[PDB]
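Let's start with one chain on its own, the form deposited in one PDB entry, as structure tokens.
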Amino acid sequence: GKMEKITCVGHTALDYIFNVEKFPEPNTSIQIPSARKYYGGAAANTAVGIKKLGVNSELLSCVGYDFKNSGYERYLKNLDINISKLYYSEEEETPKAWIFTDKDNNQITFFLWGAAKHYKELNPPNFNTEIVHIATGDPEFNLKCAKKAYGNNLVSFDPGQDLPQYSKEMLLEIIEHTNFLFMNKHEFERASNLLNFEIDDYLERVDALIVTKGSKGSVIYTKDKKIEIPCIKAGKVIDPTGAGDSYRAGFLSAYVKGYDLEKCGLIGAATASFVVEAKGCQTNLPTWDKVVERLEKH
């Protein structure tokens, strides 16, 4: 691991938002004009944010036969994100979330696993990047990645919504091969209960535990110190989703650019502040200069 470059491993996924009046009762149908498409998936959100910040990124994801000359493939190619490590299924569609949201803002999500079925027949390559960041995807494959990369590339891990799938054993084992561990508060609360861990137990295993708290900021724990990172004010909150992935993008981009962990947290906080300003996880990702400028005022 040597090049100014981060590998993101895990979901590259299409999200489709369906705004409805009311969800259908049994034996009924609803009709809607259209669904809005968004480029998502935790790994691809992070990879695209890293690239936007001027750090080369590569993606390792299982995509499907619709990926494939369509919108998502060309959009990534256009941003110069390395997608040479993608696995292309002939049998299944690209993972995607179909998100149906009513007028009172209640939501029902159908996630298509689809091409992600292929991870269990795959094994990770040697990585040549400074950091291998492991996001939602297939936990067994993600553990293979962490075990292969650790002690060679820096490992970043953010189990996210996959958390419930990890056994205590398996979660322990991946954390033992992790350098940066990121979790939101609910995730951290969940994992700690599983593992019977307190903060000090994590720090016996990882170099930095980062717990994000949305609008209340974040905190970085190291063997040495606790670093409190403020929330950075957005222009106006539209879609609070994608704040997660983009904080990770900022943090890891800053780390590869050679800044200390405090400033990495600050850049993370400032990156996320741009992302909440629009619908979609990738639609308002900032440049490095814009991040540094926003941080400069607050």
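Only the largest set of C-alpha atoms that superpose within 1.5 Å between the two forms is called the rigid core. From 1 onward, residues are counted along the sequence shown.
Taking the PDB entry as given, 229-237 carries the higher mean Cα B factor of the two stretches 229-237 and 261-269. Higher mean CA B-factor, judged across 160-168 and 90-98 from the recorded values: 160-168. Per the deposited record, the Cα B-factor of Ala44 falls in the lowest third when ranked against the other modelled residues of its chain. Residue-level temperature factors show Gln31 in the middle third of its chain, judged at the C-alpha atom. In this PDB entry, the Cα temperature factor of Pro124 sits in the top third of its chain's modelled residues, the highest group.
In the PDB entry, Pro286 places in the middle third of its chain by CA B-factor.
For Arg205, the recorded CA B-factor ranks within the middle third of the chain. Only modelled residues enter the ranking.
The form deposited in another entry exists for this protein as well; it is not shown, and the discussion that follows is about that form.
The residue that stands out in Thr222, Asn128, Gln107, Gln161 is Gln107, the single one whose Cα moves by 2 angstroms or more between this form and the one not shown on a rigid core fit. Annotation for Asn69: C-alpha shift under 2 angstroms between this form and the one not shown, rigid core superposed. After superposition on the rigid core, displacement of the C-alpha of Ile30 between this form and the one not shown amounts to 2 Å or more.
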